[PDB]
Amino acid sequence: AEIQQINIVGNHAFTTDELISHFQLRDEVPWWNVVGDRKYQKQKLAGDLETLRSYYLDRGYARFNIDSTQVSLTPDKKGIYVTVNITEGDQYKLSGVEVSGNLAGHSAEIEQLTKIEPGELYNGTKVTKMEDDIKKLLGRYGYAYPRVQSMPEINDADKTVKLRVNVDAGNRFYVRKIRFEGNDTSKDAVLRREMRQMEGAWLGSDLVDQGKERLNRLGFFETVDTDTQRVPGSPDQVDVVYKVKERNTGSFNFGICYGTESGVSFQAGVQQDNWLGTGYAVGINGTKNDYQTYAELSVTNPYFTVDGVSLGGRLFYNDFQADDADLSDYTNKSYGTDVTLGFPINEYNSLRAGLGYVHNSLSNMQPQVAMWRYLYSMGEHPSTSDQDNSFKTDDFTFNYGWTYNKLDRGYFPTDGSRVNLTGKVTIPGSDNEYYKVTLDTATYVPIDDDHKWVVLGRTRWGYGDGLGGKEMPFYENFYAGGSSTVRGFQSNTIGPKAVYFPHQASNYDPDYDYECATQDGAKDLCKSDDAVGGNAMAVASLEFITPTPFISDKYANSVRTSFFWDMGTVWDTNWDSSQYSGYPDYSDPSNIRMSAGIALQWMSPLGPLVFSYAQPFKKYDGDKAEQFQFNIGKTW
Amino acid sequence: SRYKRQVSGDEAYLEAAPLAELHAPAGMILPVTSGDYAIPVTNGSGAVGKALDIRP
Amino acid sequence: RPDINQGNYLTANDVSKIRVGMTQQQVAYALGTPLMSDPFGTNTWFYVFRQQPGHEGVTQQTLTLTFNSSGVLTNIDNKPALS
Amino acid sequence: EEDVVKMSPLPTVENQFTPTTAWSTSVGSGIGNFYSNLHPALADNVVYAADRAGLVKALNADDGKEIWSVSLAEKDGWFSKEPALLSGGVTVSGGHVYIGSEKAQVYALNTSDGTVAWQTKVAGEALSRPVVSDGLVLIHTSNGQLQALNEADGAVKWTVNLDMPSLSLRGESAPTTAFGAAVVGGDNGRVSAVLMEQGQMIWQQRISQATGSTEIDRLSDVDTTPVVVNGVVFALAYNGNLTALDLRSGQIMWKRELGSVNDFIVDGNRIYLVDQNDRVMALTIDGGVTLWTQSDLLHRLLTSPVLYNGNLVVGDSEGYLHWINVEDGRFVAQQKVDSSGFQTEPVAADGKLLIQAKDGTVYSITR
Amino acid sequence: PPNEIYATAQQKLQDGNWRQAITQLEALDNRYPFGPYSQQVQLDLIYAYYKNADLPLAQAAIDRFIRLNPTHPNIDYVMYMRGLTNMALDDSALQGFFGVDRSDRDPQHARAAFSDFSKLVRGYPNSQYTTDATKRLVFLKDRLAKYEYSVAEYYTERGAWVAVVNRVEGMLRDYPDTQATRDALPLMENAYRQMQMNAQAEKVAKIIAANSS
Amino acid sequence: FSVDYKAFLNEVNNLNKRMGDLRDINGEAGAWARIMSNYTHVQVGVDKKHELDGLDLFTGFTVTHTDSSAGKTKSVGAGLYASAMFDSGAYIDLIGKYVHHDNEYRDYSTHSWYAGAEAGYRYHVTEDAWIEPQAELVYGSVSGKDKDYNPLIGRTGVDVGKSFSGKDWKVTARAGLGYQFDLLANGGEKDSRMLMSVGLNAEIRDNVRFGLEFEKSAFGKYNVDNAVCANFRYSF
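Residues numbered from 1 in each chain as written, not as in the entry; some residues may be left out. Chains lettered and ligands numbered in written order. Heavy atoms only, no water. Residues with missing side-chain atoms left out of burial classes, pairs and counts.

- What the entry reports as its method is cryo-EM, with 3.36 Å given for the resolution.

1. Points about the overall build of chain C
And then number 1: The helix and strand inventory of chain C stands at 1 helix and 4 strands.
And then number 2: Shown N-terminal to C-terminal, the secondary structure of chain C runs as helices and strands in the order β-α-β-β-β.
And then number 3: Along the three orthogonal principal directions, the C-alpha set of chain C runs to about 45 × 30 × 20 Å.
And then number 4: Within chain C, the fraction of its 83 residues that count as buried is 54%.
And then number 5: Here the analysis covers contacts within chain C between residues at least 6 apart in sequence; of these, 43% occur between residues at least 24 apart. (Helix = DSSP H or I, 4+ residues; strand = E, 2+ residues; numbered from the N terminus. Buried < 20%, exposed > 50% of the residue type's maximum accessible area, 1.4 Å probe, protein only. Contact = heavy atoms within 4.5 Å.)

2. Side note on the packing of helix 2 (residues 22–31) of chain E against helix 3 (residues 40–51) of chain E
All names here are of chain E.
And then number 1: Interhelical geometry of helix 2 versus helix 3 gives an angle of 150° and a closest axis separation of 10 Å. As the angle between them shows, helix 2 and helix 3 are arranged roughly antiparallel. In this structure, the crossing between helix 2 and helix 3 has a hand that is left-handed. Residue-level inspection shows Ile22, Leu25, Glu26, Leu28 and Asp29 of helix 2 in contact with helix 3, the latter providing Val41, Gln42, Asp44, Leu45, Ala48 and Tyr49. (Axes fitted to C-alpha atoms, helices over the stretch in contact; angles between N-to-C directions. Parallel < 35°, antiparallel > 145°, perpendicular 65-115°, else oblique. Left-handed = near helix turned anticlockwise from the far one by under 90°.)

3. Describing a nonpolar patch on the surface
Residues and elements named next belong to chain F.
And then number 1: Residues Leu137, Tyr179, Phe181, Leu183, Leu184, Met194 and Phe219 make up a contiguous nonpolar surface patch of about 720 Å² in total accessible area.
And then number 2: Here the element with the most residues in the nonpolar patch is strand 9 (residues 170–184); it accounts for 4 residues.
And then number 3: As for its position among the elements, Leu183 is in strand 9. (Patch = residues over 30% accessible without salt bridge, like charges linked within 9 Å, V, L, I, M, F, W, Y side chains within 5 Å. Areas by Shrake-Rupley, 256 points an atom, 1.4 Å probe, with all protein chains shown as cover. Salt bridge = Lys/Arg side-chain N within 4 Å of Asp/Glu carboxyl O.)

4. Here we look at the sheet that holds strand 3 (residues 80–87) of chain A
Where strands meet in a sheet, backbone hydrogen bonds hold them as pairs that are either parallel or antiparallel.
All names here are of chain A.
And then number 1: Read across the open sheet, the 3 strands follow the order 1-3-2; overall the sheet is mixed. Of all strands in the sheet, those bounded by a partner on one side alone are strand 1 (3–9) and strand 2 (65–73). Each strand of the sheet is rotated relative to its neighbour by a mean of 15°, with strand direction disregarded.
And then number 2: Direction of pairing for strand 1 relative to strand 3: parallel, over a ladder of 6 bridges. Among the inter-strand pairings, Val9 is bridged to a residue of strand 3, identified as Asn85.
And then number 3: The strands touched by helix 2 (residues 42–59) within the sheet are strand 1, strand 2 and strand 3, with strand 2 carrying the most contacts at an inclination of about 155°. (Pairing = 2+ DSSP bridges.)

5. Here we look at helix 7 (residues 130–155) of chain E
And then number 1: Taking 1.5 Å per residue, 26 residues should reach 38 Å; helix 7 of chain E reaches 38 Å between its end C-alpha atoms and fits that length.
And then number 2: Burial of helix 7 of chain E is extensive: 22 of the 26 residues sit out of reach of the surface. (Expected span 1.5 Å × (residues − 1).)

6. What to know about the sheet that holds strand 2 (residues 44–52) of chain C
Residue and element names in this part refer to chain C.
And then number 1: If you trace the 4 strands from one edge of the open sheet to the other, you get 1-2-3-4, paired in antiparallel fashion. Sheet topology places strand 1 (4–7) and strand 4 (75–79) at the edges, where each strand pairs with a single neighbour. Neighbour-to-neighbour, the strand axes of the sheet open up by a mean angle of 10°, direction not taken into account.
And then number 2: The pairing of strand 1 with strand 2 spans 4 bridges and is classified as antiparallel. Bridge pairing in strand 2 links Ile4 to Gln52.

7. Digging into the nonpolar core
And then number 1: By size, the foremost hydrophobic cluster in this structure holds 91 residues, and its most contacted members are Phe221(A), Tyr242(A) and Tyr80(E).
And then number 2: Per-element tally for this core: the top contributor is helix 7 of chain E, with 11 residues.
And then number 3: By size, the runner-up hydrophobic cluster in this structure holds 36 residues, among which are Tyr174(A), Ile18(C), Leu35(C) and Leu65(C). (Core = buried A, V, L, I, M, F, W, Y, C linked by side-chain atoms within 4.5 Å.)

8. Examining the layout of surface pockets
Residues and elements named next belong to chain E.
And then number 1: Computed from the structure, the second largest pocket encloses a volume of approximately 1,400 Å³.
And then number 2: Every residue lining the second largest pocket is counted, 47 residues in all, and those nearest its centre are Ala93, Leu94, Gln95, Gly96 and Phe97.
And then number 3: Broken down by secondary-structure element, the contributors of at least two residues to the lining of the second largest pocket are helix 4 (55–68), helix 5 (75–90), helix 6 (109–123) and helix 7.
And then number 4: No other element matches the 5 residues that helix 7 contributes to the lining of the second largest pocket. (1 Å grid on protein atoms, 1.4 Å probe; cavity = no way out; pocket = protein on both sides within 12 Å on 5 of 7 lines; lining within 4 Å. Points joined across faces, edges and corners; volume = space filled by probe spheres on them.)

9. Regarding the state of the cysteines
And then number 1: Scanning all chains against the criterion turns up 2 disulfides over all chains.
And then number 2: What pairs with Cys257(A) in a disulfide is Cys229(F), and their sulfur atoms sit 2.0 Å apart. Between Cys257(A) and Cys229(F), the S-S torsion sits near -55°, and that sign places the bridge as left-handed. You can see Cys257(A) sitting in strand 11 (residues 251–258) and its partner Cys229(F) sitting in strand 12 (residues 224–232), one on each of two chains.
And then number 3: Between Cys516(A) and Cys526(A) runs a disulfide, and the two sulfur atoms are separated by 2.0 Å. Between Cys516(A) and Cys526(A) the sulfur-sulfur dihedral comes to about 120°; the bridge is accordingly right-handed. With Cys516(A) in the loop between strand 21 (454–466) and strand 22 (536–546) and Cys526(A) in the loop between strand 21 and strand 22, the pair connects residues that are 10 residues apart, well separated along the chain. In this pair, the class of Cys516(A) matches that of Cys526(A), namely buried. (Disulfide = S-S within 2.5 Å.)

10. So, the packing of aromatic side chains
And then number 1: For the structure on display, the rule yields 43 aromatic pairs over all chains.
And then number 2: Ring geometry for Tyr37(B) versus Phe114(E): centroids 6.4 Å apart, planes at 45°, classification tilted.
And then number 3: What makes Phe114(E) buried here is its relative accessible area of 2%.
And then number 4: Between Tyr272(D) and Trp292(D), the aromatic rings sit 6.4 Å apart at their centres with planes inclined by 50°, giving tilted as the arrangement. (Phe/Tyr/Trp six-rings, centres within 6.5 Å; stacked < 30°, edge-to-face > 60°.)

11. Section: the interface of chain E and chain B
And then number 1: Contacts between the two partners involve 54 residues from chain E, matched on the other side by 44 residues from chain B.
And then number 2: For the pairing of chain E and chain B, the buried interface totals around 4,500 Å² over both sides, and the portion due to carbon and sulfur atoms is 62%.
And then number 3: Seen at the junction of chain E and chain B, the total is 0 salt bridges.
And then number 4: Run the count over chain E and chain B and you get 21 residue pairs in polar contact. (Buried area = accessible area lost by both parts, 1.4 Å probe. Polar contact = N/O pair within 3.5 Å; in protein donor to acceptor, adjacent residues only side chain to side chain.)

12. Focus: the pattern of salt bridges
And then number 1: The tally for this structure, following the rule as stated, stands at 71 salt bridges over all chains.
And then number 2: Ionic pairing is found between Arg136(E) and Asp132(E), a salt bridge with its closest N-O pair at 3.0 Å. With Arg136(E) and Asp132(E) both in helix 7, this residue pair falls 4 residues apart, about one helical turn.
And then number 3: With relative accessibility at 0%, the residue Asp132(E) sits in the buried group.
And then number 4: The structure contains a network of salt bridges with shared partners spanning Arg193(A), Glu194(A), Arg196(A), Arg214(A) and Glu347(A).

13. A look at unusual backbone geometry
And then number 1: Positive phi is not limited to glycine here, since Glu261(A) has a value of about 50°.
And then number 2: Within the chain, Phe34(E) stands out as a residue other than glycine whose phi angle is a positive 60°.
And then number 3: Exposure remark for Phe34(E): the relative accessible area of 37% places this residue in the partly exposed category.

14. Observations concerning empty space enclosed by the protein
And then number 1: Of the voids in this model, the second largest cavity is the one considered here, and its volume is about 170 Å³.
And then number 2: Among the residues making up the lining of the second largest cavity, the classes are represented as 7 nonpolar, 3 polar and 4 charged. (Nonpolar A, V, L, I, M, F, W, Y, C, P; charged D, E, K, R; others polar.)

15. Considering the side chain of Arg196(A)
And then number 1: One can find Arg196(A) in the loop between helix 5 (188–192) and helix 6 (205–215).
And then number 2: Overall, the relative accessible area of 18% leaves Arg196(A) in the buried class.
And then number 3: Among the polar contacts listed, one links the side chain of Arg196(A) to the side chain of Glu347(A), at a separation of 2.9 Å.
And then number 4: When near neighbours in sequence (up to four residues on either side) are disregarded, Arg196(A) contacts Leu207(A), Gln210(A), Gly211(A), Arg214(A), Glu347(A) and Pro2(C).

16. Remarks on helix 8 (residues 161–174) of chain E
An α-helix turns once per 3.6 residues; consequently, residues spaced three or four apart project the same way.
And then number 1: With 14 residues, helix 8 of chain E ought to run about 20 Å at 1.5 Å a step, and its terminal C-alpha atoms sit 20 Å apart, in line with that.
And then number 2: Along helix 8 of chain E, 13 of the 14 residues are buried, which leaves the element largely enclosed by surrounding structure.

17. Details of the environment of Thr156(F)
Residue and element names in this part refer to chain F.
And then number 1: One can find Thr156 in strand 8 (residues 152–165).
And then number 2: Using a relative accessible area of 41% as the deciding quantity, one classes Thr156 as partly exposed.
And then number 3: Taking the C-alpha atoms as reference points, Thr156 and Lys167, separated by 11 residues in sequence, lie 36 Å from one another.
And then number 4: Setting aside residues up to four positions removed in sequence, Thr156 forms contacts with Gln134, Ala135, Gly178 and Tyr179.

18. Focus: the environment of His101(F)
And then number 1: Following the sequence through the fold, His101(F) ends up in strand 5 (residues 90–104).
And then number 2: Classification of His101(F) by relative accessible area gives buried; the value is 15%.
And then number 3: Along the sequence, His101(F) and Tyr91(F) sit 10 residues apart, while their C-alpha atoms lie 32 Å from each other.
And then number 4: Contacts of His101(F), omitting those with residues within four sequence positions, involve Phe628(A), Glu11(F), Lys74(F), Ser75(F), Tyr108(F), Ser109(F), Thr110(F) and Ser112(F).

In structure tokens, the structure reads:
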């Protein structure tokens, strides 16, 4: 049964339609595809009243009372009539506040707060924030639970109001033990590192709940709820007890196949996010295919020091015979190790730095300028052939980054932002010398208090270049094309094209596509639609997020739909642009690539599944323009 | 799990630590016990370890 | 670096109401229960007020109140020195 | 209506007499499917009728037209002008057409000059039909109050509090003149008889014997007007309880149980009422035995069983008027004068039969 | 018949495994929850659950036994078995466990197992399970002392020096004889030294000097 | 030049497998997303149930994407379906997709469509064993990238299945035998094979699964080799 009329009767100088907008339940749908709770719910109807109550208190009425709420029902049972019978008073202005009761000689901070300037209209929520301000000064002194009761004094003689606050502060409560219980597989240090209440300190009710929110944010526990229990003895001692119930942390996924033409696919990931119960997250994963082999072991240990300085790293293998489309086909055999340290200086500012080692052994490289510059600088031989483009290198780097995170909802933010900065600069003990910096930023700003209209700015920019006489390595290049970057284009099709020096394929197979190659049949220089990436990048996007296309109440916060405009360019700041008749130059910034479209991102049980349909307005500099983009696990 | 045949759960009560009271100088009185944690004496007897039959 | 708040919370004026002649029953009402004592020998209640903000160093005020075995007098030994 | 049985076997009868469709005057904008107590009332063969949009459009009896178009919107501009949700019902008496609204205003227009009017604020929104007798315009309210308004000007009033659960059913029991007593249904299903004199004789007799949680007096309330025949009133609760109370005492009550929301009319020695599951019955007046029964028109919202030209007129939610015979409980004819249904009551008065549609079209039907 | 499933229940318990005695004992129960055979079949069903590594149904069948029948002639078995089922919960025996056994997980089931073996030893010291329960109490007190030892060890690296001394004070009070208490003794000295009064560190230091480890 | 033809043959299979998985006691509800997978197809939809007299009626809507990399072939599509299990035991499944294809060989983008149906009978031989005889026809239009053709493949076969369940565990083992034929294909992969399928989906407790499959389209022209896959899930 659907709401028919929400009659507010006994208004004085105010409309009905306005009140209707701040209720959970609404009587009509005045817009398109925006149907929330039309199913009548007793709990929501009760909530509509409490908001209505606060609303008139905020306008200046301290004589606002709801006489009775008549829920009649039509005899057909296909309608609900709601009529709220109300009464109101006159405007009243807060003149002063008297705070009376035990302040304990904290009167010069308590009565310095809760002070309202003369001749300002009564606000009901002004009282509640001030009541909580009083409780915060108090809980720092160790009076964790004060009793702050506030009722007004009504004067109709001068149509004014004066407020009384009855601040009764207790005795101090000292925490005796912080006992952790229901820790079936977890050690104690896991729940104890994530506290802001310390055992044997003064209690703060806010400090305990502050610690409660950190236990929810490890995501290794299903349900966390505090219990504040008074020890036999004085009520001046307490044991703060968390009953946690363990999650299914830890998963062994093995997938093994045989395919067509004697193919084999091996995929395995062992992840334990509560490894050995120490609450360190450790796993090992890898896939073996004849197409590509990649294996990584990752050893992350959060909160390793007193400050919370983390320790982490990986041991890894990146090995393949070719790089598919939109990229150049080469044999890589590569492995490395990283170790990261993570340094928290603020709750929202994380700094990181570490030491990265990667060995790359590269062979079978087709002639291409990003490569030509790299092997030129080492003094190895540039060759027409690909066996004479075979080299191995040690590449050793300092890594740094910085993170701002203040994402509000997290899984589907409407407010908040993040700033991701990731960059590296070489340390001696390398054979390469280069620098990079890159960062990506997203800011979500809600343009209404429903959070159904959300303006999302998004941008990513990068620059690196060679250092000293050494060049930019051609496997540390920046790329663009895809969901995160400029959609509507092929993945990694944006940037410097392979201008093809005539390639002499030593192992020329029947019709082995090498584009402009001597073996292929060509003898001239020409560019392709496979982009080797530049050492620079730009992406900027404006997304405006529309409300859900569903009239089902189910999908409202688990699905989002957006209309977007993407723009971007990828360019190499050193380049041979003298290499083709009609070659666009990338040495100085190239023509912008621009795409616009519609997208639907659906939270799915396979991780976030992201579909978009977009058109680049034209093929700019021979970049592959796609009618539809799909990608997997692409986060908000 | 990979437990024993005679009892479920890895047994280490055979490799259990010896318990021996603390001493202190005169002037330091070790704090008196709280609650029930003292190991009672046995006057009886019985088979020990996995030589014990735990059949009902 | 988390905020490390430790020890009993001692107001400056309410540690200036501890006077020899006070019983241990009275000291426990005015300051709260001490949460920290000497396990060896006779009871010495130590009311440490220990704060480390994680940006600043130590502020330690040790108020050592010895009630001996009689439990009738309080030997006032106040050290408001950081460690 | 039921939401387990929908689309009941549609009645089939061939026309013994072909009725007359007439002026489809779209009074106001319409009541939609928004349930309301509304009906035409005519005097001097000039029909006065209105709809939920605050639009009172006067009609003739033979030819519609003759429209004094009044837009009532007084005391509705708190912040913005809003249409008065006219939902009391049209009743013409003293040349003063009383129409309630859900804006807690009981408007009174003038037959000669619709322009000159007055409105008195009633406590809680108006929902019952304004039955005016003893010079007092009695309106029961959805809040469960009884307000009397002076025939002219609306100065004198008296405030009678009646019980209400505040979580009841809807429709509303209007005051009925019975020897100068205002016999009026409860919103708790406690049938009261208030003498029309400064709110005296305030006593209730509970007719509801319904039991069950959310059924005790949340689904068993009087939504009928109680009919005086022979000095015995009969009020119907939704869940059963055809309680018949002598006007002499009222405490003396005797039961047979049959249900209804839409107000029933006792004409002759037959109690015409639409039953619980919309089954048109005539029953004995002092007996409880069923004289005849129509179960075939089983589920579509039926309107007030009025008596026109010896026929019994009810109307469904598809817009078929049904003429059921009063001697054997079988249909005579059935005809749609309108595509849309009827949720508003018909009125056999002046020897004319008027009924008002959901589009807001008021037909006069000659039989 | 009920006699014939009981006959093959003994043969499938004795000659068989404890992971196939369950299909016969639940069959006897399908006829009668409680009822005629009461909880006698549910008694051998305690022993069947325990060996089949289904410890939460095993504890639940003890609790069925002790309520429907208050006192038993195998009440020696009851107080023993419940501590054994709790103690195999402490150990790595079911799903989820990581072969840990490092005494820093749950203070609930080990406190419960200690309670249940302690009532066995005091309750019937003329039992055959008394000496074995006594050795398991010793192991479990080592675990309980290693529990507050782990808290206090973490509290030297959260730098909460009041939390350290209230935990080691708790260990002198609850476990005055454990080897893990002795390990925690230098830790109590260090937390007292960080405090202004270094006088109290020196007292604790003298306990370390006196024998100890 | 049969890379697009193979993509279509795989897309035909995924079309009805969704409702197959449902009757095979492993069908999800609401926002279900399944990956089938050198091919990767991602199918995501929502569907809901109704328990009505005479027939229990299912309606749904699905958006899918398809990719194979060897050269490449991809597509996006939206589909819709109604599926009805009758009181009798007869069950019929009606499904369509309108499909937009992008390929790279040069690019080519074209518009195509197919709809298809299957109907069988939920013949219970036991409660926990079933026989499902079924027939199926899939009819589409593909615009040549290549001589413009209308595929008309169909099949008939019988799927046999057995569940062996217990306390918290449930092993559901199915196998089909089908005969698939090409009735129209002017312009590649021509259906004339015999698909032997065998698979077990095991759930032991919760979040621990041992899915397995073995599919081979032999006995015909352009025979497909042993597609074998296993999938293992565990939790601690």
